[PDB]
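> Provided hereafter are the protein sequence and its experimental coordinates.
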Amino acid sequence: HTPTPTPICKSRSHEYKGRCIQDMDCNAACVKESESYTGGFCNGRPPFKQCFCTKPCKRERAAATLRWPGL
């Protein structure tokens, strides 16, 4: 159902993903860490916090949604 104007993907790194609670920082960390990722957010989960990066994936939606999904 057009979840976005473009295909967005997410991938975990191996440098700036251990101690971070600021999504803004985690974003610049990725875009600054590589050249393929154009974004990224930070999330705190066990055992320790982790950082996730985002990049301009391919395809469009590769799925559907339809109306009245349920309750």
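Sure, I can see it. Numbering: from 1, shown residues only.
> and the gap between residue 27 and residue 47?
Separation of residue 27 from residue 47 (CB to CB, to the nearest Å): 23 Å. From N, CA and C alone the C-beta is placed, and that goes for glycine too.
> show me which of those two is the more surrounded one.
More crowded of residue 27 and residue 47, by other CB atoms under 10 Å: residue 27, with 20 against 5.
> surely that one is in a helix?
Yes: under DSSP: H, G, I helix; E, B strand; the rest coil, residue 27 sits within a helix.
> against residue 49, how distant is it?
For residue 27 relative to residue 49 (CB to CB), the value is 15 Å.
> and what of residue 43?
7 Å.
> swap in residue 2?
Going from residue 2 to residue 49 by CB to CB gives 32 Å.
> have a look at these two and say which one is more surrounded.
Using other CB under 10 Å, the more surrounded residue of residue 2 and residue 49 is residue 49, with 15 against 7.
> got a list of what that one touches?
Contacts for residue 49 (CB atoms under 8 Å, 6 or more residues apart in numbering) come out as 18-21, 42-43.
> how about 10 Å then?
Counting by CB atoms under 10 Å, 6 or more residues apart in numbering, residue 49 makes contact with 17-21, 26, 42-43.
> ditto for residue 22
28-29, 41-42, 51.
> these into TSV, with extra columns for distance to residue 11 and neighbour count?
Formatted as TSV, the contacts of residue 22 follow (distance: CB to CB, whole Å; neighbours: other CB atoms under 10 Å):
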residue	distance to residue 11	neighbour count
28	16	13
29	13	21
41	12	17
42	14	21
51	11	25
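> now, which of these sits nearest residue 6?
Closest to residue 6 out of the contacts of residue 22 is residue 41 (16.9 Å), distances taken as CB to CB.
> wait, doesn't residue 63 sit right on residue 7?
No: checked against CB atoms under 10 Å, the pair residue 63 and residue 7 is beyond contact range at 11.6 Å.
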